[PDB]
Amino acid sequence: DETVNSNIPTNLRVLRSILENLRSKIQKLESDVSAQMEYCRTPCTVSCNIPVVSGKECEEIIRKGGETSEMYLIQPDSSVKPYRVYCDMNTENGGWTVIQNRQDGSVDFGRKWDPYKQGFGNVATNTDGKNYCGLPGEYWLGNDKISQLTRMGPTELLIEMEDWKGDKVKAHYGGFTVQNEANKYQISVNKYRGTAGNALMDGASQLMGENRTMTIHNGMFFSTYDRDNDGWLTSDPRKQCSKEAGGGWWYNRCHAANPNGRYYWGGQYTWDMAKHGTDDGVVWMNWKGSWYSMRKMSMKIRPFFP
């Protein structure tokens, strides 16, 4: 009316600033996407000359002389064809077969079921002008292969992560197994020890009761945004633990940690940044809490020798 009618004008001026501001940020983004689309008319490339020494997996290779950490070819079993993998031969006596690796966000992890089944990403890359690929790329080996390796015999799992401030903690599991596809790659872990927090077996430290329990991954089934096999038993298509862009993991209701989450730059991220407000992203609540995305995350396995 009298003075309240003064808000209206100052108000129009505000929104006017925003709506015309955003309309520009959009222009910016559009420009940005068109550029990247052009850079994608051609791919990135690698030249990974294969090492001579080979074996069923990294442990056998290091016992056969392979002492350098790089890409190796392994034939777990004679039925299946040999495949490339990265071997960590330095970390804790080496002989670690890397099955999962995050470090820079170069690879997409929010994929469907089939790709998590076959594997995806870049295993290795060429190091400072060298004919062999000595550094690991970001990748998921593939459920089938992981299931086969862990079953070959007693297998232990080493999970490593780093925050955006340089800190590092580890998660060790003396026993680790992943069943085959018919069993929805059901996971089983045990004999923990570390500094990262036993998120897989216990659940989120920040939670209490049935909540700290429904975040337990041990014994869970594997799910991808296009294949629900989680702990949420309902018909509400809005409660599933893995939504579009989200990664495949051993979700319950829903998680304590998710090494396969979206790679948020910087670390801290909020609900209004996440595609669904849900908190996807390389999480491990037991150490950095709920809305923090690691800078480095990796999963390594090694035959367990008492």
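Numbering starts at 1 and follows the sequence shown.
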{"property": "Mean temperature factor over C-alpha atoms, higher-scoring stretch between 49-57 and 238-246", "result": "238-246"}
{"property": "Entry-level comparison of average CA B-factors, 98-106 and 202-210, reporting the higher stretch", "result": "202-210"}
{"property": "Where the record places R63 (Cα B-factor, split into thirds across the chain)", "result": "middle"}
{"property": "For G197, the third of its chain into which the C-alpha B factor falls", "result": "middle"}
{"property": "Where the record places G142 (Cα B-factor, split into thirds across the chain)", "result": "lowest"}
{"property": "Record-listed C-alpha B factor of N229: chain third", "result": "middle"}
{"property": "Chain third (lowest, middle, highest) by recorded CA B-factor, residue given as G129", "result": "highest"}
